[PDB]
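As provided, start27.cif (mmCIF, C-alpha atoms and all ligand atoms) reads as follows.
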data_upload
loop_
_atom_site.group_PDB
_atom_site.id
_atom_site.type_symbol
_atom_site.label_atom_id
_atom_site.label_comp_id
_atom_site.auth_asym_id
_atom_site.auth_seq_id
_atom_site.Cartn_x
_atom_site.Cartn_y
_atom_site.Cartn_z
ATOM 1 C CA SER P 1 31.409 16.714 -148.721
ATOM 2 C CA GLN P 2 30.731 14.430 -145.701
ATOM 3 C CA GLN P 3 34.410 13.340 -145.929
ATOM 4 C CA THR P 4 35.440 17.007 -145.401
ATOM 5 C CA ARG P 5 33.319 17.043 -142.147
ATOM 6 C CA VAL P 6 34.940 13.749 -140.969
ATOM 7 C CA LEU P 7 38.481 15.041 -141.613
ATOM 8 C CA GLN P 8 37.707 18.366 -139.808
ATOM 9 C CA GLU P 9 36.622 16.295 -136.737
ATOM 10 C CA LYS P 10 39.789 14.181 -136.772
ATOM 11 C CA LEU P 11 41.995 17.316 -137.045
ATOM 12 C CA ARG P 12 40.109 19.036 -134.216
ATOM 13 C CA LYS P 13 40.351 15.999 -131.878
ATOM 14 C CA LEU P 14 44.120 15.680 -132.464
ATOM 15 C CA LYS P 15 44.576 19.418 -131.692
ATOM 16 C CA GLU P 16 42.411 19.092 -128.537
ATOM 17 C CA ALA P 17 44.676 16.232 -127.338
ATOM 18 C CA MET P 18 47.650 18.719 -127.404
ATOM 19 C CA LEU P 19 46.004 21.190 -124.911
ATOM 20 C CA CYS P 20 46.585 21.384 -121.137
ATOM 21 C CA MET P 21 44.237 18.954 -119.225
ATOM 22 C CA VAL P 22 43.793 21.550 -116.419
ATOM 23 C CA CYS P 23 43.132 24.953 -118.131
ATOM 24 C CA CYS P 24 42.121 23.533 -121.580
ATOM 25 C CA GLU P 25 43.535 26.799 -123.128
ATOM 26 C CA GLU P 26 47.292 26.524 -123.544
ATOM 27 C CA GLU P 27 49.417 23.963 -125.335
ATOM 28 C CA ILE P 28 51.046 21.166 -123.293
ATOM 29 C CA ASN P 29 54.788 21.953 -122.905
ATOM 30 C CA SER P 30 55.787 20.496 -119.517
ATOM 31 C CA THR P 31 56.623 17.033 -118.147
ATOM 32 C CA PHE P 32 56.212 15.828 -114.531
ATOM 33 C CA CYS P 33 59.469 14.024 -113.544
ATOM 34 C CA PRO P 34 60.176 11.221 -112.904
ATOM 35 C CA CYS P 35 56.781 9.712 -113.952
ATOM 36 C CA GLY P 36 56.856 11.293 -117.422
ATOM 37 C CA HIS P 37 53.197 12.365 -117.746
ATOM 38 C CA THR P 38 53.193 15.335 -120.197
ATOM 39 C CA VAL P 39 49.672 16.748 -119.890
ATOM 40 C CA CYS P 40 49.995 20.399 -118.676
ATOM 41 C CA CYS P 41 51.080 23.872 -119.712
ATOM 42 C CA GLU P 42 53.905 25.556 -117.671
ATOM 43 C CA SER P 43 51.564 27.595 -115.457
ATOM 44 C CA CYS P 44 49.327 24.669 -114.423
ATOM 45 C CA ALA P 45 52.336 22.271 -113.949
ATOM 46 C CA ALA P 46 54.142 24.728 -111.659
ATOM 47 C CA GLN P 47 51.814 24.315 -108.739
ATOM 48 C CA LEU P 48 51.123 20.601 -108.642
ATOM 49 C CA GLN P 49 52.770 18.465 -105.861
ATOM 50 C CA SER P 50 51.659 15.115 -107.347
ATOM 51 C CA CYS P 51 50.928 14.067 -110.902
ATOM 52 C CA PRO P 52 47.243 14.615 -111.835
ATOM 53 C CA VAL P 53 47.224 11.370 -113.865
ATOM 54 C CA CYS P 54 49.156 8.778 -111.682
ATOM 55 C CA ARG P 55 49.498 10.501 -108.251
ATOM 56 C CA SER P 56 53.328 10.078 -108.253
ATOM 57 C CA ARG P 57 55.254 12.836 -106.369
ATOM 58 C CA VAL P 58 56.528 15.520 -108.763
ATOM 59 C CA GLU P 59 60.284 15.884 -108.041
ATOM 60 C CA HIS P 60 60.660 18.556 -110.819
ATOM 61 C CA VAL P 61 59.116 19.813 -114.101
ATOM 62 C CA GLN P 62 61.004 19.476 -117.405
ATOM 63 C CA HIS P 63 60.097 21.948 -120.182
ATOM 64 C CA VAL P 64 59.514 20.212 -123.565
ATOM 65 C CA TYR P 65 60.012 21.679 -127.065
ATOM 66 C CA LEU P 66 57.728 19.741 -129.454
ATOM 67 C CA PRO P 67 57.639 19.977 -133.309
ATOM 68 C CA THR P 68 53.774 20.370 -133.075
ATOM 69 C CA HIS P 69 54.031 23.610 -131.013
ATOM 70 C CA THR P 70 52.140 26.539 -132.808
ATOM 71 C CA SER P 71 51.017 28.922 -129.984
ATOM 72 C CA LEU P 72 52.736 32.310 -129.614
ATOM 73 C CA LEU P 73 53.771 31.335 -126.020
ATOM 74 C CA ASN P 74 55.866 28.373 -127.420
ATOM 75 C CA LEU P 75 57.417 30.297 -130.396
ATOM 76 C CA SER S 1 35.947 18.513 -153.006
ATOM 77 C CA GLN S 2 39.241 20.538 -153.070
ATOM 78 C CA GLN S 3 38.605 21.315 -149.355
ATOM 79 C CA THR S 4 38.610 17.564 -148.598
ATOM 80 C CA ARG S 5 42.125 17.424 -150.253
ATOM 81 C CA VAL S 6 43.251 20.488 -148.178
ATOM 82 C CA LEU S 7 42.075 18.978 -144.853
ATOM 83 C CA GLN S 8 43.663 15.577 -145.711
ATOM 84 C CA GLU S 9 47.015 17.436 -146.214
ATOM 85 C CA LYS S 10 46.709 19.377 -142.954
ATOM 86 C CA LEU S 11 45.918 16.185 -140.983
ATOM 87 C CA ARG S 12 48.821 14.368 -142.661
ATOM 88 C CA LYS S 13 51.292 17.194 -141.808
ATOM 89 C CA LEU S 14 50.180 17.300 -138.155
ATOM 90 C CA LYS S 15 50.666 13.484 -137.918
ATOM 91 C CA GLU S 16 54.126 13.815 -139.611
ATOM 92 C CA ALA S 17 55.158 16.337 -136.927
ATOM 93 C CA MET S 18 54.496 13.631 -134.271
ATOM 94 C CA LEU S 19 56.993 11.190 -135.884
ATOM 95 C CA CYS S 20 60.678 10.698 -134.885
ATOM 96 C CA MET S 21 62.883 13.218 -136.811
ATOM 97 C CA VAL S 22 65.693 10.618 -137.184
ATOM 98 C CA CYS S 23 64.005 7.310 -138.279
ATOM 99 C CA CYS S 24 60.714 8.924 -139.512
ATOM 100 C CA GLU S 25 58.904 5.675 -138.571
ATOM 101 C CA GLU S 26 57.937 5.681 -134.885
ATOM 102 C CA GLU S 27 56.042 8.187 -132.704
ATOM 103 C CA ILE S 28 58.026 10.731 -130.664
ATOM 104 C CA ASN S 29 57.998 9.646 -126.975
ATOM 105 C CA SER S 30 61.362 10.761 -125.551
ATOM 106 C CA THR S 31 62.928 13.998 -124.335
ATOM 107 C CA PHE S 32 66.652 14.842 -124.345
ATOM 108 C CA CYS S 33 67.507 16.244 -120.875
ATOM 109 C CA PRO S 34 68.367 18.903 -119.921
ATOM 110 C CA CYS S 35 67.783 20.766 -123.249
ATOM 111 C CA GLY S 36 64.139 19.627 -123.522
ATOM 112 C CA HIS S 37 64.021 18.876 -127.257
ATOM 113 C CA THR S 38 61.339 16.144 -127.697
ATOM 114 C CA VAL S 39 61.858 14.994 -131.285
ATOM 115 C CA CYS S 40 62.785 11.258 -131.219
ATOM 116 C CA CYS S 41 61.455 7.776 -130.545
ATOM 117 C CA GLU S 42 63.100 5.797 -127.705
ATOM 118 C CA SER S 43 65.333 3.756 -130.056
ATOM 119 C CA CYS S 44 66.883 6.751 -131.830
ATOM 120 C CA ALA S 45 67.144 8.755 -128.562
ATOM 121 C CA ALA S 46 69.129 5.899 -126.891
ATOM 122 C CA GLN S 47 71.771 6.086 -129.650
ATOM 123 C CA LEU S 48 72.445 9.887 -129.655
ATOM 124 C CA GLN S 49 75.109 11.416 -127.379
ATOM 125 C CA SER S 50 74.203 14.985 -128.521
ATOM 126 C CA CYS S 51 70.798 16.572 -129.285
ATOM 127 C CA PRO S 52 70.065 16.517 -133.037
ATOM 128 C CA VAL S 53 68.328 19.931 -132.822
ATOM 129 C CA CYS S 54 70.730 22.036 -130.587
ATOM 130 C CA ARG S 55 73.854 19.809 -130.169
ATOM 131 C CA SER S 56 73.678 20.062 -126.338
ATOM 132 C CA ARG S 57 75.040 16.937 -124.579
ATOM 133 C CA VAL S 58 72.348 14.378 -123.644
ATOM 134 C CA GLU S 59 72.719 13.842 -119.853
ATOM 135 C CA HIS S 60 69.751 11.373 -119.925
ATOM 136 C CA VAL S 61 66.498 10.566 -121.795
ATOM 137 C CA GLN S 62 63.085 11.065 -120.167
ATOM 138 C CA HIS S 63 60.185 9.000 -121.494
ATOM 139 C CA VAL S 64 57.061 11.156 -122.098
ATOM 140 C CA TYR S 65 53.459 9.900 -121.843
ATOM 141 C CA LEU S 66 51.463 12.205 -124.156
ATOM 142 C CA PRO S 67 47.618 12.225 -124.531
ATOM 143 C CA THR S 68 48.071 11.968 -128.384
ATOM 144 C CA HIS S 69 49.880 8.563 -128.112
HETATM 145 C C1 LIG P 101 42.168 19.719 -122.977
HETATM 146 N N1 LIG P 101 41.049 20.018 -123.861
HETATM 147 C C2 LIG P 101 40.143 19.162 -124.389
HETATM 148 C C3 LIG P 101 39.310 19.899 -125.176
HETATM 149 CL CL1 LIG P 101 37.974 19.280 -126.052
HETATM 150 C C4 LIG P 101 39.723 21.238 -125.074
HETATM 151 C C5 LIG P 101 39.184 22.470 -125.707
HETATM 152 O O1 LIG P 101 38.261 22.415 -126.545
HETATM 153 N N2 LIG P 101 39.779 23.636 -125.381
HETATM 154 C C6 LIG P 101 39.412 24.907 -125.985
HETATM 155 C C7 LIG P 101 38.945 25.963 -124.952
HETATM 156 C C8 LIG P 101 39.613 27.273 -125.368
HETATM 157 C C9 LIG P 101 40.127 27.040 -126.762
HETATM 158 C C10 LIG P 101 40.548 25.587 -126.746
HETATM 159 N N3 LIG P 101 40.787 21.302 -124.246
HETATM 160 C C1 LIG P 102 59.481 12.787 -139.301
HETATM 161 N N1 LIG P 102 58.748 12.617 -140.549
HETATM 162 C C2 LIG P 102 58.430 13.564 -141.461
HETATM 163 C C3 LIG P 102 57.756 12.934 -142.459
HETATM 164 CL CL1 LIG P 102 57.086 13.680 -143.853
HETATM 165 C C4 LIG P 102 57.696 11.573 -142.125
HETATM 166 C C5 LIG P 102 57.096 10.433 -142.854
HETATM 167 O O1 LIG P 102 56.424 10.616 -143.875
HETATM 168 N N2 LIG P 102 57.292 9.216 -142.340
HETATM 169 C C6 LIG P 102 56.744 8.002 -142.926
HETATM 170 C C7 LIG P 102 57.817 6.930 -143.189
HETATM 171 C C8 LIG P 102 57.216 5.616 -142.708
HETATM 172 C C9 LIG P 102 55.745 5.870 -142.529
HETATM 173 C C10 LIG P 102 55.697 7.307 -142.041
HETATM 174 N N3 LIG P 102 58.344 11.379 -140.962
HETATM 175 ZN ZN ZN P 103 47.197 24.929 -118.237
HETATM 176 ZN ZN ZN P 104 52.324 10.682 -113.686
HETATM 177 ZN ZN ZN P 105 63.368 6.988 -134.282
HETATM 178 ZN ZN ZN P 106 68.315 20.059 -127.714
#

Could you write out this file's structure as structure tokens?
Amino acid sequence: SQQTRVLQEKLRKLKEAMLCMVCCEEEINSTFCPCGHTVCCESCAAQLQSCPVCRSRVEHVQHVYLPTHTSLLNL
Amino acid sequence: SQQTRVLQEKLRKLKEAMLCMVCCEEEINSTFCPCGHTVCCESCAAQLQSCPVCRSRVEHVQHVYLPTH
């Protein structure tokens, strides 16, 4: 029904929000510290000097283990 | 249809996975450092001395700003 189409769109948008903002292909699993923005995969976070969202200096990257993780790279 | 019921269940389960594993009522927004388990809201994370997933000591809690918030 039309409701099935609406629910498919909501599911897809929530899953898109869990992907890396730089490569768009891998799940987010890294945090820029100390600002706390958690918007990249490990590969893309590794080479940023400043946060891509707030411009704060990245002192280090903290790996995050999230219950929503489903990609083979995070399991 | 039955597929509408199936998609409603999948969306519900994905939203449940974003909720604090301790209180079940608030969105996850905190990481236990250094282990990296990100499974609690800020109120439950402030009260735990050990990670509820791996039992590693919590040295400090890092707030996470996620695009899904
Ligand atoms: C961060 N972001 C936002 C959207 Cl929208 C997407 C996306 O559709 N990515 C796809 C490309 C390869 C498969 C996943 N990623
Ligand atoms: C962590 N988790 C797993 C499930 Cl399942 C739930 C849940 O249904 N929580 C509800 C209680 C108050 C409204 C949301 N939470
Ligand atoms: Zn990436
Ligand atoms: Zn930032
Ligand atoms: Zn909680
Ligand atoms: Zn842990």

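Atom CA of residue S:53 lies 15.5 Å from atom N3 of ligand LIG 102 (chain P).
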
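With all atoms listed in the file taken into account, chain S has residues 1, 3, 4, 7, 8, 10, 11, 14, 17, 18, 31, 34, 36, 37, 38, 39, 62, 63, 64, 65, 66, 67 and 68 of chain S at most 8 Å from chain P.
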
Q: Apply the PyMOL selection byres (((not hetatm)) within 7 of (chain P and resi 106)) to the structure shown and report the selected residues as JSON, numbers by chain.
A: {"S": [32, 35, 36, 37, 51, 52, 53, 54, 55, 56]}

Q: List, as number ranges by chain, every residue that the PyMOL selection byres (((chain S and resi 24) around 12) and not hetatm) selects in the file provided.
A: S: 15-23, 25-28, 39-41, 43-44

Limited to C-alpha atoms, could you put the picked residues into a file as a compact mmCIF listing (two decimals), keeping the file's coordinate frame?
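Just written: result.txt:
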# COMPACT_ATOMS: atom_id res chain seq x y z
CA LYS S 15 50.67 13.48 -137.92
CA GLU S 16 54.13 13.82 -139.61
CA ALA S 17 55.16 16.34 -136.93
CA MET S 18 54.50 13.63 -134.27
CA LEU S 19 56.99 11.19 -135.88
CA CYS S 20 60.68 10.70 -134.88
CA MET S 21 62.88 13.22 -136.81
CA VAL S 22 65.69 10.62 -137.18
CA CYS S 23 64.00 7.31 -138.28
CA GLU S 25 58.90 5.68 -138.57
CA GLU S 26 57.94 5.68 -134.88
CA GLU S 27 56.04 8.19 -132.70
CA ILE S 28 58.03 10.73 -130.66
CA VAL S 39 61.86 14.99 -131.28
CA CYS S 40 62.78 11.26 -131.22
CA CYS S 41 61.46 7.78 -130.54
CA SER S 43 65.33 3.76 -130.06
CA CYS S 44 66.88 6.75 -131.83

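Between atom CA of residue P:46 and atom CA of residue S:58 the interatomic distance comes to 24.1 Å.
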
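Selecting all polymer residues at most 6 Å from ligand ZN 103 (chain P), using only C-alpha atoms and all ligand atoms, gives residues 20, 22, 23, 26, 40, 41, 43 and 44 of chain P.
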
Q | Nearest to ligand ZN 104 (chain P) by atom-to-atom distance, counting all atoms listed in the file, from P:61, P:53, P:73, P:24 | A | P:53

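Put simply, atom CA of residue P:25 is 7.0 Å away from atom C4 of ligand LIG 101 (chain P).
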
For stretch 24-33 of chain P, what centre and edge lengths in Å (one decimal) does the axis-aligned box get once 5 Å is added on each side of all its listed atoms, as JSON?
{"center_x": 50.8, "center_y": 20.4, "center_z": -119.4, "size_x": 27.3, "size_y": 22.8, "size_z": 21.8}
